[PDB]
Amino acid sequence: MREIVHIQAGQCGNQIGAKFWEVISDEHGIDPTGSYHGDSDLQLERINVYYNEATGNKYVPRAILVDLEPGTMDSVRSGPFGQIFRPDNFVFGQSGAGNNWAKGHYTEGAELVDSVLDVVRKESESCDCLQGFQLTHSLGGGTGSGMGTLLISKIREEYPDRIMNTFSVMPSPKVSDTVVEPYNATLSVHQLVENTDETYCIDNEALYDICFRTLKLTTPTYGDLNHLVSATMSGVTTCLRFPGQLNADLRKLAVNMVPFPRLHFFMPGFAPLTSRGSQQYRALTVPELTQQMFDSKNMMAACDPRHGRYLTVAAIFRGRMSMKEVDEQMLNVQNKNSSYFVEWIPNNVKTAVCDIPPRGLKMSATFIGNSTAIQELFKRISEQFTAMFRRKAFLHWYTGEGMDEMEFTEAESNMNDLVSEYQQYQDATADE
Amino acid sequence: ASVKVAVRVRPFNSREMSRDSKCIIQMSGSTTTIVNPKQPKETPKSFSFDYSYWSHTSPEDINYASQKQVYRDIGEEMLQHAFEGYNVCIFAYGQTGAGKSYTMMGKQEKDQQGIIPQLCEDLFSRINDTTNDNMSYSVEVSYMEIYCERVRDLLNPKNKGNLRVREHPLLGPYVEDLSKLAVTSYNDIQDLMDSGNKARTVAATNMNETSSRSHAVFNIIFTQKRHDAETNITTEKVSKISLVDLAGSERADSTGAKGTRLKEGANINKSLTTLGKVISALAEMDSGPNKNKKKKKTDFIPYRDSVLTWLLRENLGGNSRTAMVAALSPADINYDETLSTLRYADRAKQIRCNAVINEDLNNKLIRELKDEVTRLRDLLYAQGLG
Amino acid sequence: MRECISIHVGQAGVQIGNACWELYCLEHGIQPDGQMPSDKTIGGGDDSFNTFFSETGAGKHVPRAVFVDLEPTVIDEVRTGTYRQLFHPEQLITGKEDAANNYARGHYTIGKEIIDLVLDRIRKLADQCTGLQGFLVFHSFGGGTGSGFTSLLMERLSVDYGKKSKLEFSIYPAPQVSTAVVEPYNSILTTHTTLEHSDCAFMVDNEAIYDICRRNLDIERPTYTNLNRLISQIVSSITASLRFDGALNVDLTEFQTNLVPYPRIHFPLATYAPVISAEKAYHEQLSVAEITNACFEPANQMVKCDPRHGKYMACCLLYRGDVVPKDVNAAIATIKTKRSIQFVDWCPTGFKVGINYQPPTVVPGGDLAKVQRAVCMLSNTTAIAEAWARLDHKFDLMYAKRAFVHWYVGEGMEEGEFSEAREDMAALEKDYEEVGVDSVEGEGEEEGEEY
Amino acid sequence: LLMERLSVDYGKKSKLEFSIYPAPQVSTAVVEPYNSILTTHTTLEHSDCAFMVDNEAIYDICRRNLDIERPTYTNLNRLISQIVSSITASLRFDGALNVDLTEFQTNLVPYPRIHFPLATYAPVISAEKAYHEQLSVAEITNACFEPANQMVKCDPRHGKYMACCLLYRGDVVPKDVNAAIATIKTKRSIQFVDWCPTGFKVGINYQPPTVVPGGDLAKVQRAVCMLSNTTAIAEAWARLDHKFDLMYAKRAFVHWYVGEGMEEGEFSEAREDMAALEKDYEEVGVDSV
Ligand SMILES: CC(=O)O[C@H]1C(=O)[C@@]2(C)[C@H]([C@H](OC(=O)c3ccccc3)[C@]3(O)C[C@H](OC(=O)[C@H](O)[C@@H](NC(=O)c4ccccc4)c4ccccc4)C(C)=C1C3(C)C)[C@]1(OC(C)=O)CO[C@@H]1C[C@@H]2O
Ligand SMILES: Nc1nc2c(ncn2[C@@H]2O[C@H](COP(=O)(O)OP(=O)(O)OP(=O)(O)O)[C@@H](O)[C@H]2O)c(=O)[nH]1
Ligand SMILES: Nc1ncnc2c1ncn2[C@@H]1O[C@H](COP(=O)(O)OP(=O)(O)NP(=O)(O)O)[C@@H](O)[C@H]1O
Ligand SMILES: Nc1nc2c(ncn2[C@@H]2O[C@H](COP(=O)(O)OP(=O)(O)O)[C@@H](O)[C@H]2O)c(=O)[nH]1
Ligand SMILES: [Mg+2]
Ligand SMILES: [Mg+2]
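Same order as they appear, the protein sequences are chains B, K, E and A. Residue numbers 1 to 432, in the entry's author numbering, belong to the letters of the first sequence in order. Residue numbers 4 to 389, in the entry's author numbering, belong to the letters of the second sequence in order. Residue numbers 1 to 451, in the entry's author numbering, belong to the letters of the third sequence in order. Residue numbers 152 to 440, in the entry's author numbering, belong to the letters of the fourth sequence in order.
Right under this line is the structure:
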């Protein structure tokens, strides 16, 4: 058995986690009250991956909810699936960080971190064989970024063996919602690249582009973005819960996607996306899934993959299909797009297949890319960071909470080392 | 300032003498040859290093390199190069049970004193001898370990916590909150050194009865001051001596490790592989560059991949003069491992360092400007221009 | 429990507080008598929010207000007015003469012997409060008790409480319009206190509000009631984040984090976009783009200063009603593509965004039209110095001949206070001029590879 | 681990391995070369006879012969099951020439370290194409040696046939088998090493092959499995070897391996070992003079 402990920090993390739990409960046929009303027998085969069984044949998610503002907690409780969660796991305080990373990491979060770690320890010790943790939050925010980094560091100290995943929403070129996004993003990226095994980069701009262009939604909201992120989250972990012709664990993905320890930032994607009213025209098949997979516009990280090279990608398909077809399609993608893959990793495409598709789709698939183009995002943040650190634009609010210019300087230096690392394998021509 | 490379072959132990007892290392001048017992017909491949030590036969005088000889040949001029002011580094290398601690630490209870004690004796003897009214000296010491990607202090009293690693923007990586203590007598630094050695984590394995479970760095900082009120200044020169004892690479089948021992060996192997990658690079980079002549493109050596290489960033390259000492196990069974060490040892010769003394530009700029004024004045007055 | 304390000082502050408390009572459904028929009709709820009103066992709700003034008349109107039962019986009135447009009289002579009583109630409220968020101080420059007493109260509050945010709402003298001769002296004198102790000061000008009322609202003859209602709407939009749910909620600490690059530049302007009459409510879409564009128009600013003469240091938009992030993102991009709106190069982001679901309410008998969407903008810019410069000029014209100084020095002050205040204001203006300068011309030293 | 411990415990008993080798082109993991090259010590020291099958070869066989445009792992597994059943049918059912595992291994491993024969199955044909073809003994015997029908992506014409063993099932008479072997020896495209004048081993079993319900293979009276030790397999090993070097130059993906107790140098040792097996398959070819 391999079970995951889920943690949610910040407003964005809490919203995405609520939608994700809704999606998972629908997939496993769990009612909002916790009872089971499914049809297939495979739903309860691996329910313990994400749930704990209670006395009255109920199932409680293994979620841990964290924030420094009661408003988000009240929003989750006053919702369609508010009653599913264990009330004792609602760990929260007051006087939130207020978009200040120093408050989230050092001043305010340092007190609630003990309670959150106590709940994490209690939940983890009850597992039969823990697999890893997954944390959902936003890097450009306040309490979310700071306390997420703090919890990641503490848990990594506590449980070095287990795999760590993170679903991070990061700033954007155009879509800006807070003024101090570069500071929080820089410090969060420092802590993340230090102390994680996997990190899926999400962007609001890319999700809005997918909504407007692919899904043709006239009025997208945060619900649709959370829906897309939840679909990706379910796709990543589909293989642990259901049987397949070729299984794939999170550890296997980490081994096959991380060539060097510091390169663990990923570009997620999902297929199919049809917009409704065009499903009748489109023919669903593995070539169509792959073509939508490798399209530049389908990525959620707001990076053009054609501005770099793919270090390594992984496709996880769900639904009945032929292995010859998927292997051939991956080969054609590699051969035709010969200039977008590194020449020193032959067959840098991982393939996994599962026989249990989503509830309403005959076939589905998810994509995890690791390419050099992600450097752009970091570079962009670095530029903005410099534009405020040269003059100390908003610095005092941090230094009043127990910080110093040295910490910012080393964070920026670490980001520069990261972007140089990524840039090394972009130019072609090298070796035997 | 190229990295000096020295190699040393040790005598047999209980494990090899119980099993087959045929040596495979030949040594002559500045050349060391390793033969393949499995392929005796093949060429006896040989490698050239600066300094080669044959400690096989202790009582005999036929090319026997005692610890006094080793220190006089490497630690003496490394200590000299510290005396001008360059930051100097020594670091040990090889496979497990090869004799890295024996080369660096040695046995404190006998005349066979390692590199660190005899560098200490030479330092203290010289500073006591050369003390003057104006000339004066200060010495400060520290000693830390890397156990499993965690920095711990050994001279400090019992502190269960782990020290943090920071990056000063100008001075590079360093360790925060390190219990760095002073010294005024040889006996005091001997006591600190004994305490640090006792604090080190050591466990027994099949390959070695007392195996190092952690990397360690002994760090002296040595300040020379001029107490001349007329012209000179205090803290006129500073040097940093960094003596590094690395843990050896291990094989699970031969070591027989289980549980915590296996995890420790795995972490040590990860750190050693990262260091090898840095070495190959450092070497490889110089190689490429000189090989042709130039073209920019300094690429990037993965220094952040491990704490070991990160802390030793300035010692592996840049502002330091560094010496590698490699330990060889003479037994045939270790042959492949020995070859690997020698191979990486060869790459360690190609690394070039950009060593600078240090001085103090805040005052050395003033001194240089005054000297330039004096030179120009003397030239003008001698030629009748002024 | 996001609980704040509203302090009102002086006649202007008291009338503003009357308008504001009318607005909050209408918003939360609390009747004047203080009771709440909404809960009785429904059965219960959190509409009796702790943010402004404290509940007692009898179902009565009392505001967390502290009205202060030296004239009996202005608050004796309140005690005999419609809202007599709403407030606590204590109202903190000095049965004595007024400060007489004299900073020294309001700060040194008569401000004492009342500051104790006032601070004691400001405690009985703080102790009753839990998780206090901040103070909202309402007053006006140019007045005696509106300058001296507020200065003393802010000094004592900084000494006692310290770390709590202290937002300031105040009325600055207009360039042309005035209602007293000694306004420059009081306004310059209080500048030290509003610079050192206040954490963020929102400033309004009566001429700008009159212009907005004349043009947008088609009110040819406005009075103080309409201006007070506009300021009340501003404050309601500011505080609506910590009362009602929303997609993006902005607390006071985030205001301080975003709108204050440095400690001494905490003087942002404010504006309200959909100021429009009922007759003109039709023939308009009032979309997010329209209100966002209207926020940046020079004519709609609530202080008589031109943003085009300076650069924007920071901006914070608070939207209310049917707003979804696609339109605010598009509007922000559209504003960023315009040339007339200049931003400091050292603040590339330059925008804080908050969205709330609760739409604005309409005061019965008012003049604002009912709308589906609204936005309140706060804007920290360098144009404000111009206004200060004008004020500074007036002060010299009255200080060259020491006119009206014998009144001030006869209550405790000396000329050194005047000189210190003028020098402090000059230093503040110099800081505003310096920070608005671009970043160092690209320090492109053109180092060729390695040194 | 299991092969090592079985060799220590039992030792003398025969140990047959059936494995799926990495393909030249398609694969479902990026670290396949590392595992494949590290398994060389297992497959060479302890296994007495190791058979290797390539997924692309079986895909092409299914596409061309069985007319399955979209095969999956079920068909590949069924073909492998048919191969193993053909191998082991002698131990179960009576026959004219029964081939035991000991004599099977004796005549297929000329030397200890060349125990890596290819496998192929002749009567792979669909129900529709089962008609219109006699499927006589000569047809299947010729079909075994076709490069198109091989189960590994390696051309036999690029090497030499060291040894061969034909196991027939069903209505087969020795006369037809002898005639087919003579016809194959007459052909010149099939080259045999000079030091093996006999070359062919023959076994016959009376039990015909069975047809799984819901399967794809047609019902055939006759069948044969050809198991051939040849030097062409070296090429199939060299391609993979190249990949390993291209992944080992920069030490890609090595930290995962060395973080679980494994030493870095084991990669190079395995590489030198596989280098040896290749040279030996090269040396054993060169004809005598
Ligand atoms: C005509 C038809 O077949 O109906 C589809 C549909 O029209 C389309 C357009 C659906 C539809 O999705 C959307 O409209 C949508 C909007 C914003 C963000 C994401 C989706 C659909 O709503 C979504 C819904 O999807 C599911 O049921 C999946 O199992 C999905 N479930 C949920 O997201 C979910 C919804 C409510 C509660 C709990 C879960 C899922 C996907 C991956 C992993 C787990 C679950 C389906 C069948 C449809 C509708 C209903 C129109 C699409 O969604 C997916 C991922 O299935 C959007 O493009 C796909 C492809 C479909 O053709
Ligand atoms: N917007 C607005 N401004 C007002 C109102 N009442 C007074 N003011 C302003 O207040 C200024 C005069 O100073 P005040 O603060 O009223 O003086 P005070 O509060 O009575 O204090 P004293 O002068 O000591 O009696 C004038 O310039 C007015 O513009 C009002 O109801 N609304
Ligand atoms: N020339 C020598 N003469 C006598 N004993 C020696 C000699 N060289 C090494 N030894 C002994 O060999 C043993 C192993 O040496 P040691 O230096 O402790 O291994 P190591 O370098 O620390 N490898 P590690 O296990 O990673 O710490 C010690 O007991 C030494 O005293
Ligand atoms: N996709 C998505 N993003 C969100 C949502 N809510 C907030 N965000 C993003 O989160 C960022 C603000 O961070 P925030 O959650 O307030 O930080 P926190 O206060 O520490 O939790 C903004 O840039 C938003 O784009 C949501 O529901 N969905
Ligand atoms: Mg040692
Ligand atoms: Mg008055």
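For each residue, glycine too, the CB sits at the ideal point set by N, CA and C.
query: May I ask whether a heavy atom of ligand 7 can be found less than 7 Å away from the beta carbon of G143 of chain E?; result: By its list of ligands, the structure shown excludes ligand 7, since it contains just ligand 1, ligand 2, ligand 3, ligand 4, ligand 5 and ligand 6.
query: Can you give the Cα-Cα distance for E288 of chain B and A383 of chain A, rounded to whole angstroms?; result: 39 Å
query: For the region 137 to 208 of chain E, list the beta strand (DSSP E) runs that are entirely contained and at least 3 residues long, ordered along the chain.; result: 165 to 172 and 200 to 205
query: Report the residue from K:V142, K:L379, K:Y105 and K:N90 whose alpha carbon sits nearest the alpha carbon of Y189 of chain K.; result: K:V142
query: List, in order along the chain, the chain E residues whose C-beta lies closer than 7 Å to that of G98 of chain B?; result: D251, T253, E254 and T257
query: With 16 other CB atoms within 10 Å as the buried threshold, where does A58 of chain E fall?; result: exposed
query: Is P261 of chain B close to chain A, meaning its C-beta is less than 8 Å from at least one C-beta of that chain?; result: yes
query: Ordered along the chain, which non-local residues of its own chain (more than five positions away) have a Cβ less than 7 Å from that of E433 of chain A?; result: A385
query: Can at least three beta-carbon pairs, one atom from the region 369 to 385 of chain K and one from the region 260 to 271 of chain K, be found at a separation below 8 Å?; result: no
query: Jot down the residue ranges of each uninterrupted alpha helix (DSSP H) in the region 50 to 135 of chain K, minimum 4 residues, whole runs only, in chain order.; result: 70 to 73, 79 to 87, 103 to 107 and 118 to 132
query: Within the 8 Å Cβ cut-off, does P220 of chain B reach chain E?; result: yes
query: From this set, B:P346, B:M233 and B:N370, which residue's C-alpha is nearest residue 436 of chain B's C-alpha?; result: The structure shown does not extend to residue 436 of chain B, since chain B spans only 1 to 432, so no value can be given for it.
query: Flag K324 of chain B as yes if its beta-carbon sits less than 8 Å from any beta-carbon of chain A, otherwise no.; result: yes
query: Using a Cβ-Cβ cut-off of less than 9 Å, list which residues of the region 403 to 418 of chain A approach chain K; keep chain order.; result: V405, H406, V409, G410, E411, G412, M413, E414, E415, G416 and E417
query: Tell me which residues share the same chain as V440 of chain E and place their Cβ nearer than 8 Å to its Cβ, disregarding the 5 neighbours each side in the sequence.; result: none
query: Can you give the Cα-Cα distance for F52 of chain K and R11 of chain K, rounded to whole angstroms?; result: 11 Å
query: Whether or not the region 310 to 325 of chain A and the region 397 to 414 of chain A are in contact is what I'm after, with contact meaning three or more pairs of Cβ atoms, one per stretch, closer than 8 Å; do they touch?; result: no
query: Are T143 of chain B and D197 of chain B close, meaning C-beta to C-beta below 8 Å?; result: no
query: So, helix, strand or coil for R264 of chain K, using DSSP?; result: helix
query: Does DSSP classify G146 of chain B as helix, strand or coil?; result: helix
query: In chain order, what are the residues with a CB under 5 Å from some non-hydrogen atom of ligand 6?; result: E:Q11, E:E71 and E:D98
query: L285 of chain K and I304 of chain K - do their beta-carbons sit closer together than 8 Å?; result: yes
query: Does the distance from the CB of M398 of chain A to the CB of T191 of chain A come in under 8 Å?; result: no
query: For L345 of chain K, which residues does DSSP report across the bridge?; result: Paired residue(s): none; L345 of chain K is not in a bridge.
query: Identify whether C347 of chain A lies in helix, strand or coil by the three-state DSSP scheme.; result: coil
query: Relative to chain B, which residues along the region 336 to 355 of chain E have a C-beta separation below 9 Å, given in chain order?; result: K336, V344, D345, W346, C347, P348, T349, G350, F351, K352, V353 and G354
query: With DSSP as the reference, identify every bridge partner of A270 of chain A, one or two as the case may be.; result: A:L378
query: To the nearest angstrom, how far is it from the Cα of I238 of chain A to the Cα of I355 of chain A?; result: 11 Å
query: Starting from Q29 of chain K, follow its DSSP beta bridges and name the residues at the other end.; result: K:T36
query: Using a Cβ cut-off of 7 Å, pull out every chain E residue sitting near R213 of chain B, in sequence order please.; result: Correct list: empty, because the minimum Cβ distance to chain E is about 13 Å.
query: Starting from the Cα of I64 of chain B, find the closest Cα among B:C303, B:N57, B:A54 and B:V76 and give me that residue.; result: B:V76
query: Check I30 of chain E in the structure and name its three-state DSSP category.; result: coil
query: Please check the pair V118 of chain E and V68 of chain E, which I expect to be a contact at CB under 8 Å, by giving their CB distance rounded to whole angstroms.; result: 5 Å
query: Restricting to Cα atoms, I'd like to know which of K:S217, K:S139, K:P62 and K:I224 is closest to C92 of chain K.; result: K:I224
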